[PDB]
Structure formats: C-alpha cells, structure tokens
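Trainee: Okay, here's the structure, questions in a sec.
Chains as they are written, first to last, in the authors' numbering: chain C, 6 to 62; chain B, 2 to 343; chain A, 4 to 54, 182 to 354; chain E, 1 to 120, 137 to 247; chain R, 107 to 395.
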C-alpha cells in the first residue's frame, strides 16, 4: 500500500499549488523591469565606477 | 481502482494549473522589455587571481562584507581569501576532501562545507585559540551534500542528493525541518533576501519554492529538459533564475508562477554550473562547461558579455553584496575577481 | 606601501602557501583508487584484504600510500558526482565470476554478469575516465569453477563455443570485459583472478599501480 | 584556557645576562606573533621586541637592539628573551604578548602575567596623567600622535589598553574603533588623524586603572604616558 | 656560391631555432600561468630552452667572422666575454640535457623511491648547481681567450694558449670529454635502461596500449641520443683530427665550418624534439593557440 499512500500525498500537494493567487505576466514583468531601473545607478557591474572608487584597481 | 482514480485526479490538477498559468500569460517579458535600451557590451577584466588550490574548485561564497570569500577545492582545503590583497586569511583542512559546496555565514563567524561524505561541517572562524575548528557536523542526509546556505549563526539549509532539503539547528545538531517532494537529486538552493523562502533545483528538471517556517512546498516550476544545476534568487525576491544541462537559463516569477524568459544561444551546447545576478538584477552571470562565463541581459535575453579567463569548467561564481565584483571559480584550480572600468 | 599589520598579513599568507605546497607534494606521492563494482561481487572482501556517504581506506604497501575510495553507499545519480574522481590513479572494478547464471533480484530478467558488463562499459568509456587505467578483479574464482561443471557458460553467453572448463571459460570471460574497452590506446586494463583466500591481491595492485605511475611519469617528462 | 606565564626574572648584577621564558598554553602558539613589552616601576609600557609566526621577521627596540635576542620554540610553545649587558635602565616588569595578524584580527589581545627583573619614532602623548572619576559617570580619555595613524588602506592603527592595579594590561580597542572580545560595549573608541578619544560610559569600579594608547602603524611600537583613573 | 651558401645555412638555423626555443618557453610559461613551475620536467625543459636560446643569440656575433671578412670588429673586450659566454652555453645545455636524462631514469626505473627527492625545490638547486659547474668547466676558456695576430693587418678573436705546441692536446681533449664524451655515455646509458625498465610484470604486454607505449618511447629516446650525437660528433672529430694535422687544407676548413653549423643545430633541434615527439605537449600547445 505504498503506491496508494504516495498518490494521496501527491494529489493533496497539487491542490495546494493550484489554489494560489496568480498575477498577470505583464504585472510581474513590469515589476522586474521597474526594479532594475530603480537600482541601475547603484549597480557597479552595470555602470562601472571610477577607478578611485574601485577597491580592485 | 482507487489508485487509478487518484492518478487521474493528479492529471486533472496538473491541467488546472497549466490552464491557470496560461490565463495570466497576457504578455511576454520580451514584449514588455522591447522598448528599453540594451546594456551594450559588458567588459570585465581579471583584477585578481587567487592561486593556491591544487585541485578542482567546486564552490565559492562571498562574505557579506564584500571583501572576504571562501572557496572549496577537492584537495581537501577550505581557504578564506582577502580579495582586496589576495592574502589567504585561513586555510581549513577538510576531514573529507570530496567537498561539493561551501557557505559563508552572513555574520562572518562561520563557514560550512560538505560533499560525498553526506555531512555539513560548521567551522568556527573566531576562536580564542587562534585556529579554525569544527564546531558541528550535521549528519542525517542519506546522499551527497550539494548546497548549503546559512540563515543565521544557528540555522543553515542544506540540499542533498537524497532528493530532500533540510533545515538544521546548528546548536543542537538536529534538522528541525525536512523539505521533501523532489524526485531527483537536489543540486542547488538559493535563499530569499528575507530568508523566509528558498528555491531549490533538482535533477527532475523542476524548481520548487519552499517556505522555511511552514516547511511545505508552495510552488513547483518546470520547463527545463535536463537536470537543474544552479539557482539564484532575484534581488527583490520575486523571481529566480535556473541553469540546467540543456544549455539554457530560465527566469521564473514567483507571483506569476511560470517561466518568463529563456537565456540560450545556438553556439552554447554545454551545461550550466552556476548562476548569479548583479546587484540591480539587470545582469545574469552564468558559468558554463565550455570554460567560459556568459553575462546575460536579464530583461532582454541578450548575451551582454563573456568572461573568458579559465582553462577548465567554470564550476562556481558569485557577485558581491555591494555589487562591486564577481568571482568565478573553476576546475583549473584558480579563482578570478572581475569588474568593469569606466 | 604596506602597513606594519599588512606586512604581517602577507607574511601569514606566505606561511599558508608554504603548507599548501607541502600538502600538495604529499598528496601527489599518494595513490588514489576509485573502488567500483556491483552487489555481491566481492568488493567488500577486497577492502577486508586491504585494511556515511563515501568510505575511504588508507593502507601503505612497500613505501607507497594508497587511498581507496568506496562509493557503494552513494545511491544517487552517478553522473552528478562521478566527475569528482577524475584524476584517480586507477579504478578497481570487481566482477563476480560466479554471477553468470544468476539473475538480478529486482529486474528478474537481466543477467548478473550482463549487469556488470553494462556498468564496466559505462565507466571505462566514461568521458572522465578516457585515460584512466582499470584494475579488473574477477572474484569468486573457486565458486565459479564449481558452478561451471554443472551450469555451462552457454547460459550466460550463448555465443561461447569452447570447452566447459575453468581454464577456458574464465579466460573467455576476461576477453569479454577487455573487449568493452572502447579506447585501447589511451588506457590499459589489468585483469586479475582473486579468491576468498587469496593474498596476492594487494601485490597485484602495487604492480598495476607501479605501471600506471611509470606511464604518468613518461607523459610529464615528455617521453610519452 | 589561554595562558601566558613568564619566568626567569630576578635580581641580577649590572652587565650580567639573564634568560626570560614565556610558556604558552591553550592556544595555537605557532600561529601567533609574539611581543615582549616591559614596564618600568611607576612608569608606562615600553615595547621591547617582536618575533613573527614562523620566526621570519624579528624586530627590536633601539634601546635594546644588539643586547636582547628574542626567539621561540614552536614545538615546546615557549617564547624566549635572551638578555645581555643588563643595565639599571632594564629594571622592569616584562610582559609576554601574543598578537595574530590577518584581515580583521585583533592583535595584542592577550598579555601574560609578567616577570619582574631587577638590576642592582611616533610619539604618543597622553597629557592628562590622572582624572578623578565617580561610578556611573561618563569619562573621556584623549591621546595624540606626532604622525597621522590613518593608513592609505583605511585603517587607523591605534590601540587602547587598560591595566587595572595589580593586573596585566587588557586590550579594549584595536585599530581605534573596534571593540575587543570580552570587553563591555560601554567602552567606545573614536578618533581622527592624530587625535583620539576613548569614551567610557557608565564607569564602574572595575574600570579603575591606567589606560595606554599604542600605535601599530610602524615599528618601533610606542606607548602613551598613560592616563590613570582614580575615585 | 660559398659566400652565400654559408650565411643561408646559419640564417635558417638561427631563425628556426629561436622560434622553436621561444615556443617551448612560451608554452611552459603559459602552462605555469605566469608563476614558478611546480613540475620537475617543466623546470628542466624551460632551462634547456633558455641555454639553447643563449647559444643561438650569440650566433650572429660568432658567424660574421667566418663568412664575410674574418676580422673581429668588437675589440679585445668583447673577445673574452663572447668566447666565455659561447662556451658556457655549450657546456650548460649539455649538462642540463644530461641532468634531464638522469631525471627521466629516476622517474621511470625508480618511480617510488625517487619521489622523496624529485621535488621542484631540488630541481632548482640542481640546475643552479649545473650553472656553477659550467662556469668552472669553462675556466680555461676565458683565461686563454686573447687576440691572435694573423698575418697582415687583420686580427681575429680566438684562444691563445701559452704553450700551443703542448697545451693544444689537453684543451681539445678536456672539452671533448666534458662536453661530448662523458655526457653522451650517461645519456645513452640512461635511456637504454628506461627502455628496458618501462613496463611491469603485471602490465599486459600483448595489449595495444603497452605496445604503443614502448614504440613511442623508443623513438623519443633514440632521437634525443641521435640528435645529440649527430649535431656534435663531427665538430669534435675534426677537433681531434686537427691535433695530428699541422697545415689545414681548404676541404678541412670547409668541413670545420659545416661542423660548427651542426653544433648550433643541436640547440635548434632540441625544442622541436619535445614539440614533435611529445603528444601531451603537442596537444596542450594547440589548445593554448
């Protein structure tokens, strides 16, 4: 009765995952794009800092 | 009879989830980020080369001060590096040389490692005796230790090859929570910035989002065609990127509960070993089996640049907390520190 | 332009490199063996004669230190961690000769000897073991001889058309595994016939490893 | 527990020779650099010699260079100070001090109990010799240096020590701001350039003692005169 | 034709030898990732190329007096320095090759016992000791390197022995013994023992891999012994022949010029022996390019 016990758990798990609230991809995409824009200036790899402010001269 | 009926209900639930995800897929991340300008060419130079490991390096982790890092190699040595000066601060001899992961505690007082010995060993860096000593050996996993991440000085989460992740109480040495549900070896995990959630990627080509406190799987992310080897949270905690053996990186969103973007090129046919994001999340850095590290534009899925400075497989990489530099470790036994110039 | 404490930190780093170099030289003078095989193949008997997740056994024979790694307890996917052993001096693969007429307990349809051949083929021809020599142990020699009298080798290998004797059936099995070597130039296979009371197994490994050490020396020196 | 016991001191004739020993227990002796610091009776601390971990670097004070020899025996965990041509100026209590140097380390964290010997340059200034204090009141101690202790790497190599009456010095603040392990958080070190202040909030009976500021920018290591707190 | 043929022979050797020796130095340095070499064979093979490179850099300063006019234009100060420098390069490369042959003997016939002292630190000590012996072995070279006044108004750099009637024998014989005779026997003896002790009793000699190993090592050991003998034997055979010969003839002079050219060819063929006959180095060289 190992398979029948495992089947109940897998079905029960899929019920929990199917009951979550999902936002639109456009809403989710905008948040990722918005976050990068807001933090773009404080990203040294995106915008390299002057050599005076670079610890790895 | 009963078993057949139950497995039919699982298929109905899977179709319900797939329809729910398709319902909210009004647009594509590519369409949303079409207007924004590209990042251009990302040029990074090797500022430092960390020499001293005499075997393949399998893991590295920056400290939270963005200056100290720990690297693990299968010469049985854990080394803590001063990245500014390339000085070796510590050299920790490992009881088992088959280490696969290492972690630096956010406080800087502890490091962790473990491999084929199925043990996560905690090392105390701040002792009155002046040496690094083992403070705890966390036993309980029945497979190899693939990844570990500290939540604090007393809690650490480990992923194992026995298809399970575990949350450990370091003081008592017991795993308080066990995270089950992966059908393959869990190869990596990433902690959310608030350390209340973590995502894990396994060899069943699926990524699961786990609640640390509750101890259950919240969401499951599929779409890869082979084993997931790397995973990394987006800086805001609302997304993560994975790297698989199918030569692709995918960006999944937690709230949209589906894949948003794929990072692949036709020339790339090798597996991906490590992934990380820049401080703003605009750059996705991935290490590959073809000895190179490709910097991707996370928003536009364009290859922004290449870090080509290793003579063997780039096994690990990481970006500092302040975003100043990125370190890449490799099977050629060297670590390199990269950043750009104005 | 270093401060008094920066100079001391650099001096401390040089002390670390002086020990890493010392440990690396001592690690290069030691023999590392990846011990592989199937269940009930006499693998544990070999360890008993050479006395968590991975089991490492240390022994010294004729001024040579051997580190033998057993990964029989690692039930996870082999391809994920098999690359960790790329660079071992030799691979000791144990095959049970008596397990030719037997069948797998779980599969119930795959021959026990054919199960070993598939594992040998996937390990010898593995991309991480292109130039790694293999020390082939054929255990249970005495038990195989008793069974071959009653159970002919034709059950395991239908194509076999030789005498139903130990001197020929055992040699035929040896050629079957050596034929699986897909790269007969970059590596060699040292085949030995062990037993439950044999005591020359460690001597064979020392001789087999010695030839592997010579081969590696020739490559580095440029002769090979 | 971490221990440093000195021995070999005693009354010697001028021009004689004496051998000082420092036995170490409870810590990795070979990993620590070692200093000899002496204190003349009713005087402040004076750095004598230094031997690094691995014995590769050795430094001496100018007043003792050529006469004193410092050596260590790592297997025996013993620190040595061979003294020759002893003068009346050498009458002092000699302290054995361990110090380990890596990024973020705390040098001079542990001192020995000291041994008494009796015989028959950056300037650190502590102008205020004594300060009358009462328990529970905030006290500030000032130190000055002839040269700027701020290095180009961002560290300011100023150290604070407390020598309670009858006890060995204890590290309070290392590199001018960091608080040493085992020291209450009420102690705080603040400074800039050549002027530094040690603030003691909510003074207690244990805080009574002499406070020394030491520079570690370059050798020879020099101490301030010392500021004594009395009730 | 003779005035153009001789410069072409030396010019081809000089350019080819410089590229070959530079390739070995470049590959090993790249293999070491700009750091001190951790491999004993790599220590010898980069020093052997250094000495060979020095022996080739001095070729133009030693051939302009043999093809164009036969007049030394660099004065007496350079005559002693170049002659001593040229002799040191010949002795050092021969001694490094001899030490690199004994190194391969120990690494093969004594694979277990030699690990105690086949350390990179000992290799550096040995090489620095070879240079010290090279300077000592060339002591008579710079003590007797004085200008020889030729008939007429022309002079040339050479060796002016105090007693050329009697000192000509020992000076020729001792260079033959220390630079050709003794090292060749040691190199030949070392490599034949390698070929006779390169396999174990357990090794399956019938297997193709074992047969392929013996065949490749044999042709590498033969070439190293053959290249050294071919490139240096004619120079010393004529050097020994001139002991009896009092008045050299035109053919003898022409043979002597060809003998010197083969001497510089040894420093040219040594880097190419390593490149061609070593598959491991050849494969790594392609990867780095």
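Even for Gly, the Cβ is constructed at its ideal location relative to N, Cα and C.
Report the option in A:53, A:248 and A:257 whose CA atom is closest to the CA atom of residue 317 (chain A).
Mentor: Here residue 317 (chain A) corresponds to residue number 187 of the third chain, with the count starting at 1. Here the closest residue by C-alpha is A:257.
Trainee: Do residue 151 (chain B) and the ligand ZN come close, with the Cβ less than 8 Å from some heavy atom?
Mentor: Inclusion of the ligand ZN in the displayed structure is not the case, the ligand content being empty and no account of it being possible.
Trainee: Can you give me the start and stop residues for the alpha helix (DSSP H) that residue 244 (chain A) sits inside?
Mentor: In the third chain, residue 244 (chain A) corresponds to position 114, counting from 1. Note, residue 244 (chain A): alpha helix (DSSP H), 242–254.
Trainee: Please confirm if residue 50 (chain E) has its CB atom under 9 Å from at least one CB of chain B.
Mentor: Residue 50 (chain E) sits at position 50 when you count from the first residue of the fourth chain. So, not an interface residue.
Trainee: Please classify residue 239 (chain R): is it buried, with 16 or more other beta-carbons within 10 angstroms of its beta-carbon, or exposed?
Mentor: Here residue 239 (chain R) corresponds to residue number 133 of the fifth chain, with the count starting at 1. With fewer than 16 Cβ atoms within 10 Å of its Cβ, residue 239 (chain R) is classed as exposed.
Trainee: Within the same chain, show all residues whose beta-carbon is closer than 8 Å to that of residue 47 (chain B), passing over the 5 residues directly before and after it, in chain order.
Mentor: Counting from one through the second chain, the residue named residue 47 (chain B) turns up at place 46. Same-chain partners within the cutoff: 310, 337, 338 and 339.
Trainee: Give me the subset of the segment 28–39 of chain E whose CB atoms are less than 8 Å from a CB atom of chain A, sorted by chain position.
Mentor: The segment 28–39 of chain E vs chain A, Cβ under 8 Å: 33.
Trainee: Mind checking which residues open and close the alpha helix (DSSP H) that includes residue 366 (chain R)?
Mentor: Residue 366 (chain R) sits at position 260 when you count from the first residue of the fifth chain. Taken as a continuous stretch (DSSP letters only), the alpha helix (DSSP H) holding residue 366 (chain R) covers 356–383.
Trainee: With a threshold of 9 Å between beta carbons, is residue 90 (chain B) in contact with chain A?
Mentor: Position 89 of the second chain, counted from the first residue, corresponds to residue 90 (chain B). It does: the Cβ of residue 90 (chain B) has a partner Cβ on chain A nearer than 9 Å.
Trainee: Taking the straight line between their C-alpha atoms, what separation do you get for residue 59 (chain B) and residue 232 (chain A)?
Mentor: In the second chain, the residue the question calls residue 59 (chain B) occupies position 58. In the third chain, the residue the question calls residue 232 (chain A) occupies position 102. Their backbone Cα atoms lie some 41 Å apart in a straight line.
Trainee: Closer than 7 Å by beta-carbon distance: list the chain E residues that pair up with residue 131 (chain B), in chain order.
Mentor: What you label residue 131 (chain B) is simply residue 130 of the second chain in a count that begins at 1. The contacting residues are 27, 28, 31, 32 and 100.
Trainee: Using the Cα positions of residue 27 (chain E) and residue 129 (chain B), report the straight-line distance between them to the nearest angstrom.
Mentor: Residue 27 (chain E) sits at position 27 when you count from the first residue of the fourth chain. Residue 129 (chain B) sits at position 128 when you count from the first residue of the second chain. Cα to Cα, residue 27 (chain E) sits roughly 7 Å from residue 129 (chain B).
Trainee: Give me the Cα-Cα distance between residue 319 (chain R) and residue 304 (chain R), rounded to the nearest whole angstrom.
Mentor: Looking up residue 319 (chain R) in the fifth chain gives position 213. Looking up residue 304 (chain R) in the fifth chain gives position 198. Whole-angstrom Cα-Cα distance: 9 Å.
Trainee: Let me check understanding here. Comparing Cα to Cα, which of R:215, R:176, R:164 and R:344 lies closest to residue 259 (chain R)?
Mentor: For this step, residue 259 (chain R) is matched to residue 153 along the fifth chain. Nearest of R:215, R:176, R:164 and R:344 to residue 259 (chain R), Cα basis: R:176.
Trainee: Just the chain E side, please: which residues come within less than 7 Å of residue 9 (chain A) by C-beta, in chain order?
Mentor: Taking the third chain and counting its residues from 1, one reaches residue 9 (chain A) at position 6. Ordered by position in chain E, the residues that pass the 7 Å Cβ test against residue 9 (chain A) are 169.
Trainee: May I have the straight-line CA-CA distance separating residue 290 (chain B) from residue 272 (chain B), to the nearest angstrom?
Mentor: Mapped onto the second chain, residue 290 (chain B) falls at position 289. Mapped onto the second chain, residue 272 (chain B) falls at position 271. Taking the straight line from one Cα to the other gives about 6 Å.
Trainee: Compute the Euclidean distance between the alpha carbons of residue 154 (chain E) and residue 82 (chain B), then round it to the nearest angstrom.
Mentor: Locating residue 154 (chain E) in the fourth chain gives position 138, counting from the first residue. Locating residue 82 (chain B) in the second chain gives position 81, counting from the first residue. Answer to the nearest angstrom: the Cα atoms are 40 Å apart.
Trainee: Taking DSSP as the reference, what is the three-state secondary structure of residue 235 (chain E)?
Mentor: Residue 235 (chain E) sits at position 219 when you count from the first residue of the fourth chain. Here residue 235 (chain E) sits in coil by DSSP.
Trainee: Buried or exposed, going by whether 16 or more other CB atoms sit within 10 Å of the CB of residue 16 (chain E)?
Mentor: Indexing the fourth chain from 1 puts residue 16 (chain E) at position 16. Its Cβ having fewer than 16 others within 10 Å, residue 16 (chain E) is exposed.
Trainee: If we define contact as Cβ-Cβ less than 9 Å, is residue 338 (chain B) a contact residue for chain C?
Mentor: Position 337 of the second chain, counted from the start, is the residue given in the question as residue 338 (chain B). Interface residue, yes.
Trainee: Name the residues in the segment 127–151 of chain R whose C-beta lies less than 8 Å from a C-beta of chain B; which are they?
Mentor: Taking 8 Å as the Cβ-Cβ cut-off against chain B, the residues of the segment 127–151 of chain R that qualify are 139 and 141.
Trainee: Does DSSP put residue 213 (chain A) in a helix, in a strand, or in coil?
Mentor: Sequence index remark: in the third chain, residue 213 (chain A) carries index 83 (1-based). Correct three-state label for residue 213 (chain A): helix.
Trainee: What are the boundary residues of the beta strand (DSSP E) that residue 33 (chain A) is part of?
Mentor: Looking up residue 33 (chain A) in the third chain gives position 30. Residue 33 (chain A) -> beta strand (DSSP E) spans 33–40.
Trainee: Anything in chain A within Cβ reach of residue 120 (chain B), meaning under 9 Å, just list it in chain order.
Mentor: Taking the first residue of the second chain as position 1, residue 120 (chain B) is located at position 119. Chain A residues near residue 120 (chain B): 182 and 183.
Trainee: Decide if residue 270 (chain A) is buried, meaning its Cβ has at least 16 other Cβ atoms within 10 Å, or exposed.
Mentor: Taking the first residue of the third chain as 1, we reach residue 270 (chain A) at position 140. Classification of residue 270 (chain A): buried, given that the 10 Å Cβ count is 16 or more.
Trainee: Determine which residues of the segment 88–118 of chain E have a Cβ less than 9 Å from any Cβ of chain B, and write them out in chain order.
Mentor: Against chain B - using a Cβ distance shorter than 9 Å - the residues of the segment 88–118 of chain E are 98, 100, 102, 103, 104, 105, 109 and 110.
Trainee: Please identify the residue among E:232, E:177 and E:141 whose C-alpha is closest to the C-alpha of residue 223 (chain E).
Mentor: Translated into positions along the fourth chain, residue 223 (chain E) becomes position 207. Comparing Cα-Cα distances from residue 223 (chain E) to each of E:232, E:177 and E:141, the minimum goes to E:177.
Trainee: Over the uninterrupted alpha helix (DSSP H) stretch that includes residue 272 (chain A), give me the two end residues.
Mentor: The residue you call residue 272 (chain A) lines up with position 142 of the third chain. Element bounds for residue 272 (chain A): 271–280.
Trainee: By Cβ distance, which residues of its chain are closer than 6 Å to residue 73 (chain B), with the 5 residues on each side in sequence left out?
Mentor: Looking up residue 73 (chain B) in the second chain gives position 72. Cβ within range, chain order: 59, 60, 79, 100, 103 and 114.
Trainee: Should residue 335 (chain B) be flagged as near chain R, meaning a C-beta pair shorter than 9 Å?
Mentor: To locate residue 335 (chain B), count along the second chain from 1; it is residue 334. So yes, residue 335 (chain B) belongs to the interface.
Trainee: So residue 225 (chain B) packs on residue 206 (chain B), CB below 8 Å; how close in whole Å?
Mentor: Numbered from its first residue, the second chain carries residue 225 (chain B) at position 224. Numbered from its first residue, the second chain carries residue 206 (chain B) at position 205. With 8 Å as the limit, residue 225 (chain B) and residue 206 (chain B) qualify as a contact, their Cβ atoms being about 4 Å apart.
Trainee: Of the residues E:10, E:18, E:163 and E:34, which one's Cα is nearest the Cα of residue 4 (chain E)?
Mentor: As a working note, residue 4 (chain E) is residue 4 in the fourth chain. Checked all of E:10, E:18, E:163 and E:34; the closest Cα to residue 4 (chain E) is E:34.
Trainee: Which of the three DSSP states, helix, strand or coil, is assigned to residue 340 (chain B)?
Mentor: Counted from its first residue, the second chain places residue 340 (chain B) at position 339. Note: residue 340 (chain B) maps to strand in three-state DSSP.
Trainee: Decide yes or no for the touch test of the segment 55–65 of chain E against the segment 109–117 of chain E: beta carbon pairs closer than 8 Å, at least 3 of them.
Mentor: The segment 55–65 of chain E is not in contact with the segment 109–117 of chain E.
Trainee: If we count the other Cβ atoms within 10 Å of its Cβ and call it buried at 16 or more, is residue 230 (chain B) buried or exposed?
Mentor: Translated into the one-based positions of the second chain, residue 230 (chain B) becomes position 229. When all chains shown are included, residue 230 (chain B) counts as buried.
Trainee: Drop a sphere of 10 angstroms on the beta-carbon of residue 305 (chain A), count the other beta-carbons inside from all chains shown, and report buried for 16 or more, exposed for fewer.
Mentor: Sequence index remark: in the third chain, residue 305 (chain A) carries index 175 (1-based). So residue 305 (chain A) counts as exposed.
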